[PDB]
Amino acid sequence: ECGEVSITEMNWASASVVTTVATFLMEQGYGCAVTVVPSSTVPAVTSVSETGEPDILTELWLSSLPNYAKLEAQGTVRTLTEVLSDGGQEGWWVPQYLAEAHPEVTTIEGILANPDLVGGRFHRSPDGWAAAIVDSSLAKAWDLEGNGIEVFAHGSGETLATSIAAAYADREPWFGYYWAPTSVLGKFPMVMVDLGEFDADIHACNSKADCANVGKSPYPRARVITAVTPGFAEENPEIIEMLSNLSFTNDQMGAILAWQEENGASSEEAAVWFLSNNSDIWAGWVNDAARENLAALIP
């Protein structure tokens, strides 16, 4: 049967839905005993590399983890599936109204030459995200500070998101890291600053704390996966099979997030809502036994 299971909950909205839906399916469907570990990309990958826990890492954004392939080779982790099946795109953004009022902010060089247009500030992703390493590398490669752009490190994904909302309310400038599709970007039309042509080797270097030779590249489009420890896999073929199926298209994730905001729903309430209304999506994720358990508890 299924006993003790630990799973990361990453510190942003889609990630919460992912972990909450997974938890519910594991507990109700397979009688799992699930410990949700609040986490972030960097300490989470660090934690499995060192303690072989937690069992399940998700969402795992692969855009800026250049050493993940190696981790999987050494058999420290195993990729089950892309949990956001459409993927996502990270970048540096300004509000649409700003890009329309002053089109020169649509390229990084344009911004660097006229920092007042963005209020002399860049909003950096928070400590614990792989993106914080990249942004920090890019700030250096473009010499933001030297050009009068202050790199402001947000304390969390929440305060990063709120700084957009605040700026937007008053139609003020904003320049910083974010990603799409997200609720924030659906609610506040943003435009991606052109950071030049993608370069795999430059980005790999930007993604590594120890690579000093930083260069200019935008982020690649992200694959976003659920991963597990081969130990947990060996032990729980049924959960692995289920987690190999558990996945959301961006439309599906959007539809859940919206519902959770139009109500005051907890993450748990959103999960129940998704499962209750989307049998056609998830029925195939679970096995017959689990589906018996779920059929009986869900309504």
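Position 1 is the first residue in the sequence shown; the rest follow in order.
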- [ ] Compare the mean C-alpha B-factor of 261 to 269 with that of 245 to 253 as given in the PDB entry, and name the stretch with the higher value.
- [x] 261 to 269
Open item on the list: Can you tell me whether 232 to 240 has a higher mean C-alpha B factor than 57 to 65 in this record, or the other way round?
Closed with: 232 to 240
Open item on the list: Comparing recorded Cα B-factors across 213, 114, 207, 182, which one is largest?
Closed with: 213
Open item on the list: Quick check on the deposited entry: does the C-alpha B-factor of residue 285 sit in the lowest, middle or highest third of its chain?
Closed with: middle
TODO: Using the B-factor values recorded in the entry, state whether the Cα atom of residue 146 falls in the lowest, middle or highest third among the modelled residues of its chain.
DONE: middle
- [ ] Please place residue 25 in the lowest, middle or highest third of its chain by C-alpha B factor as given in the entry.
- [x] middle
TODO: Select lowest, middle or highest to describe the third in which the CA B-factor of residue 51 falls within its chain in this entry.
DONE: highest
- [ ] Name the third of the chain's ranked CA B-factors that contains residue 75, choosing lowest, middle or highest.
- [x] highest
